[PDB]
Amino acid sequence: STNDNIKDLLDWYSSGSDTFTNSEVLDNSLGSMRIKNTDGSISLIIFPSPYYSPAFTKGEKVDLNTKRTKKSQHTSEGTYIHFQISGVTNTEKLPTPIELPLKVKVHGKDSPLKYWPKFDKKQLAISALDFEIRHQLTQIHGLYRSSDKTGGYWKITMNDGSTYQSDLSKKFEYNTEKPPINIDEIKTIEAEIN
């Protein structure tokens, strides 16, 4: 049996993420952005962190690799609105897609990856990297599904030695999220399930 916190995390990381490329900025105020997607929908995205406050101005193009906070709505005016959190980056692509070095250990023993995607974007928000890492863990490695896989961490080590890390027993700390990083500067990503 697992506790209620672990159940919320299983629901959160087992659903998917929203992906929109080449969207256009309509408005950008403190803590949010109103974006128009190519398919005609509108995205209302919140940015709770003072360290990651997108500075894109009206008219600029951006990419979305984000998560919805609630069900989308059809309004009176007939617009389709998405409610998402974080995940806005520039539209730059890498010369050729790369494979991010992810090594996973479950109870100290190595656990091989299955369906770990390649990435063609130059920069990804840290919350998006968090979603991808944890999603692979819940779908392929059993994270949050039983009581013996409820904690651990993931750690990204950059070429200069600086690191980013998240505790798997808690939801990603959106309120203190750091700015998006260039994925081609990541030396290693390790994930351990206790």
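Counting begins at 1, following the sequence as shown.
Enquirer: Taking only the CA atoms, which stretch has the higher mean B-factor in the record, 156-164 or 26-34?
Expert: Here the higher of the two C-alpha B-factor means belongs to 156-164.
Enquirer: Per the entry, where is the mean C-alpha temperature factor higher: 66-74 or 131-139?
Expert: Averaged over C-alpha atoms, the B-factors run higher in 66-74.
Enquirer: In terms of CA temperature factor as recorded, identify the highest of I81, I85, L100, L124.
Expert: Of the options given, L100 has the highest CA B-factor in the PDB entry.
Enquirer: Report the option among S147, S169, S41, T57 whose CA atom has the maximum B-factor in the deposited record.
Expert: Going by the entry's C-alpha B-factors, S147 comes out highest.
Enquirer: Please rank the C-alpha B-factors of the chain's modelled residues and tell me whether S111 sits in the lowest, middle or highest third.
Expert: Highest third of the chain for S111's C-alpha B-factor.
Enquirer: Would you check the entry's CA temperature factor for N90 and let me know if it's in the chain's lowest, middle or highest third?
Expert: Within its chain, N90 is a middle-third residue by C-alpha B-factor, going by the deposited values.
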